[PDB]
Amino acid sequence: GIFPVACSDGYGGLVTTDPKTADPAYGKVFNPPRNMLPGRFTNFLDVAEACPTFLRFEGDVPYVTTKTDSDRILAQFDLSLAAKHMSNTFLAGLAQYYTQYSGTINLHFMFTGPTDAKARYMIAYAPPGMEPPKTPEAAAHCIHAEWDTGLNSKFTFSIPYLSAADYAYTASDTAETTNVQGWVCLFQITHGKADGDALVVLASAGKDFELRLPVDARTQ
Amino acid sequence: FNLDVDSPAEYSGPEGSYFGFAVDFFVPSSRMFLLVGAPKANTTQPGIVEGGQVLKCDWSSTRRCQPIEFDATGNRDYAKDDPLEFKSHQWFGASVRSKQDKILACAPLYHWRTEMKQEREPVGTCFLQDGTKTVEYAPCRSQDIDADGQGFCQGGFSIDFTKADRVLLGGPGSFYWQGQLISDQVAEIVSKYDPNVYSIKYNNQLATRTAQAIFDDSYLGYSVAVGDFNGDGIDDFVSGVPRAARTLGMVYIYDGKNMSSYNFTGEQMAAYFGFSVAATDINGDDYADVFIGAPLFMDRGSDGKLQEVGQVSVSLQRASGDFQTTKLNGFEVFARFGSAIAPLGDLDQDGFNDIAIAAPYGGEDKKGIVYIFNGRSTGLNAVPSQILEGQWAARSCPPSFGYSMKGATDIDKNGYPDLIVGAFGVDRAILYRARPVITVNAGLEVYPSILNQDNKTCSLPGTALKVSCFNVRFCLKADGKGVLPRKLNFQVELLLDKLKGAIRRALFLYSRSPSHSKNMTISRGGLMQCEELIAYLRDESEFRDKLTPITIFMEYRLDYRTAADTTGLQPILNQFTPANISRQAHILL
Amino acid sequence: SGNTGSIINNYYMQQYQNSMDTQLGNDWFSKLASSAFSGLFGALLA
Amino acid sequence: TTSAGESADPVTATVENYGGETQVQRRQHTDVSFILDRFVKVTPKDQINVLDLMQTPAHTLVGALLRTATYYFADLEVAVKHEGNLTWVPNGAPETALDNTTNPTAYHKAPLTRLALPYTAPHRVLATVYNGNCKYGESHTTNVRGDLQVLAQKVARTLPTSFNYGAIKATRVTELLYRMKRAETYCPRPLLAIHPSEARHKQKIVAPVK
Amino acid sequence: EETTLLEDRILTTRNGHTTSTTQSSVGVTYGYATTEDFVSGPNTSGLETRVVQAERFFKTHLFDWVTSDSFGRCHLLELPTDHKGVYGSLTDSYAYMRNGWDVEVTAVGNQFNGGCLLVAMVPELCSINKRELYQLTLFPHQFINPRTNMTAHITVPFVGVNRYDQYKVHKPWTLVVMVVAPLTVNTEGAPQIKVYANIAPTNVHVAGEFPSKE
């Protein structure tokens, strides 16, 4: 006779993400040539590394001005892709479609004031477990880097990926481990006649930044 | 109540020219004139049909209205065979405002070709004249063009002068009809004038900048008024925004020093709150009070039915910065009460400023009505002391008597300010004069007022019998401000037992009659004149009525015909002043 | 090449499954991120 | 790491700058071909549905990541729940054609029907952003507003009608899904997240026992 | 660069018979490609020709950068613009063109100014948003930081859905100049600063000559 086959139950339903191709309906079409077009990108994280985008601060500006008082905290925000400061970066607009990440986030700090304005800054990483620091002297016991302005006007610091698990969530739910990865605290050590300057700050992905498990929550 | 209605000054123009759409007084430096706006009047300007003109109407002697030449030219050209402007139907004279030697008229529908593409945008324009000088003032005619700019501004839709000689100009079409308030000092308007420059920049210009798109189609600058509200002497800017707040209507008040923002708001949808505004201190506290008109307001009656009557909101300015807002409703349905609001100054010279409100489409045959409201301590007396009626019938567009009006000007030097009313629908303009107010201190004394029937003191000639008599005594004293006769003759009337077909129980001795008249002639500001006479009771057996009090009535009438002056302006007696008083007398037992 | 967690290949010829490319005559943002200056730029002490 | 701020040269730093070590990473989930190869739901018209990819909701995964590239290529796969037979017609074909059975027509087979459709545009690559001649730009003016405003949409350009793979027509199309095959992308464009009102965009994640 | 505030990074650029020297340079940014793709295609039948007289700088004014301008102030210049040179007589002569751009933006105010400009070449810019300005560095860009430079030089190829373009109905590139940090005139800074562009087309190819009413 013919070949016996057992049509199994639970198989063959449409799955919107199955590794199967549809049946052809129309054949032998040749595309117009498109080899060597400018601007090809194959991976979304290749563009997130070669192209930093601005952060967002109080008043909706990409810069933080040099304050002259007993306070020296410029920015201090949750190390979270869902943070408010990160909300307009390409790295956080691309991470909203994934549930977990891993690796390093780079922050680019470009100083803008005139040639006679001078300042010294400090960026630290407060891991989760206790409150974040409020002065630079208390934050000097963290992982920090300190730079000052000169001929070279940009400094780049890599937020280290410390965590208990290998992956962390890109969303945030409640006060919980995976959604608070600590803080990142920007201080101003000194300044000389730098009143009202701007320190524009960018952000991008590190060498080992990773982002996996696609998802579709909402709101492009 | 003191306005002359018998023979008021009438002025007319070409039919269809809208003579009376705008009116004002013109007092230079020592003759007095009248300014009437006729925005549809044909001019001799080269190839311009209905350019509109403003007429200076001679009040002295004859009723001649000589037109005023602000601009005799036609449409200037941008290039060869490319007109720059369109003065045809520009509605020049739609708004006329004068201050001493300075006359400002405007053309809200003046269109202008851009300095780029060939457009036709109604930026509006104005012409300022200072005696021999005459410049052009088009603040909306600028580089900012086309709807979102000042292209459809129609600058000059409403105008007003401040006390520091600064012009306030309104344009309801700027920035997609958000509207715009523009203020320039009269100094720079002429000083920075340039006949070859179409967009003049003024160094000291105050203006409302463009706002968010949700403020579009609000019509700021629809109407304007000036007055101080922050207590620094400088006139501030009051303007109606009738489409603001989703057609609820608003009224903005800006600082007259830096265009810094009070804000009024309406209670009813599409009632056109802000169609007209006026600022005058109504309660004598030297604080400018805000008057806002909403002619389309609907009210409910005892039958609970909606009826469009119109409404004016009287906001008294308190030193607290707050306002004491009182709402005054219209009287006739669909008459649009509150279309025009005109401060009159102290019309009756009583100590408080007065104001006039019009229902242009009211009265019999839609002629028009103007209501006169007097001010007092508590605020504005809500009851009108006078009702001015139109006297002309319709042709196509209704007479619109009261659509525009102007007051607060003593044009005849009688010490009392007058009023102009424009009825453009019939191309007429009317000047009402204010008659001099005479306050009168009338007096009446009856002594003794308790009559003893058996007293029998005063003898009576002709008979040996004596009668119970007593004294009646009346006094007059009158005085008034402004120009008025120093002699005043009155007609005094006296009646005994006024309460009584019935028998009068008292009569005058030297006449034997209950009635007595006395031609009395007192002097203005002079002493109190007082004539007395003897009245007597009837005999006890002549009447049974002994319980009813005998009322003594005094009444007086002024001779208006002989009190007239030069033109025949007859004075009037003060309102709320009793034209007659009465005392009584009792009998005992 | 794209979405596969399985490899069941095709009944049909490539000439019917897809549209065929033509040659005339990972490119940019992969060379641009790989040319990223990673090393420290100063004179590192300690 | 210091550097010239405005060189526009990509400058990466690492955790070796302060004693760490860069770990290895797997990046298969952000590959353009991998991530764009899903079915995405599209709101269908009643009968006729021109198969444009810019008809996808922009807030979706495939919608938002497609609009992150100026130019794109892909073959298309379609899933359709319809009533009656479903006809396809290639790019540039008249509407009257949707009625003829000789064109690729799939007879009704429950519950749905998935077809592999080629690339039939005259263009070497399609576009998400089309601007024939539009911007000044200089932060565009308020000049056209109110009524003229809602008409003013096209004072510029942007029209995906020309860039159409084709159309489908059934008596009643109930559900429609697109799947991009062999997706190539060029010239990346902005991609935005949800702007939070708090200091951080909190949300409700699935909650097991512990 | 140099040991002092004084600055010597010389860069010269010759397009045609027109040069341009800068002493405060950061380098040229290449966007999306270093070379060109295939000019000869199956859509012009080999009737395409290169016009070498059209490849030379032309100048244009962008905007005044004043201290009152805050973050997000844009200036959009759609390329190709209205050109009165020989490159302009190509859109009236030929129906199809293709070319890259060599864009050099200048903002001269002394090094005692603060502030920062971001000049970027954006393809197919139909609409920009306030939040999308935060990700404007996804495009070929350079910053103009008055303490360090006055010039931003950006070279960029031809992009489109077609191999040749009809520039009378399509503007593929757009030069956007954005304020990322407002200007400051501290004590010695220049009060305002004018921004100019010095653009030059590259590899211009034309095809299909139209009739002439001459």
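In order of appearance the chains are A, B, C, D and E, and numbering begins at 1 in each one.
By definition in this document, a contact is a pair of C-beta atoms (placed from the backbone, for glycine too) under 8 Å apart; a residue touches a chain by one contact, two chains touch by 3 or more.
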When you check each chain against subunit C and subunit D, which touch both of them?
A, E
If you tally contacting C-beta pairs, which comes out ahead, A-C or A-D? Let me know.
A-D
Which chain has its C-alpha centroid farthest away from the centroid of subunit D?
B
Mind checking the centre-to-centre distance between subunit B and subunit E? Centres are C-alpha means, answer in whole Å.
66
Determine the centre-to-centre distance between subunit B and subunit C, using the mean Cα coordinates as centres, and give it in whole Å.
84
Subunit A and subunit E, separation of their C-alpha mean positions in angstrom:
30
Mind checking the centre-to-centre distance between subunit A and subunit B? Centres are C-alpha means, answer in whole Å.
71
Spell out, as numbers or ranges, the residues of subunit A touching 2 or more other chains.
17, 21, 23-24, 29, 31-43, 47, 49-51, 88-90, 93, 110, 152-153, 207
Show the residues in subunit C shared as contacts by 2 or more other chains, in ascending order.
3, 17, 19, 24-25, 28-29, 32-33, 36, 38, 41
Classify the chain contact graph as line, ring, star, complete or other.
other
Every touching chain pair, please?
A-C, A-D, A-E, B-D, C-D, C-E, D-E
Mind pulling up the subunit E residues that touch subunit C in the complex?
32-33, 38, 40-42
Residues of subunit A touching subunit D in the complex
14, 16-17, 21-26, 29, 31-34, 37-45, 47, 49-51, 77-78, 80, 82-84, 86-90, 92-98, 102-104, 106, 108, 110-111, 143, 145, 147, 150, 152-158, 160-161, 169, 171-174, 179, 204, 206-220
Subunit A touches which residues of subunit D in the complex?
1-6, 10-15, 17-18, 20, 22-33, 35, 38-39, 58-61, 63-65, 67-71, 73, 77-79, 88, 90, 104, 106, 111-112, 114-120, 122-125, 177, 179, 181, 184-188, 190-196, 198-205
In the complex of these two chains, what residues of subunit D are touching subunit C?
1-3, 9-14, 17, 31, 33-34, 36-38, 75, 116, 118-120, 181-183, 188
Which of the residues in subunit A come into contact with subunit C in the complex?
17, 19-21, 23-24, 27-36, 38-43, 46-47, 49-51, 152, 207
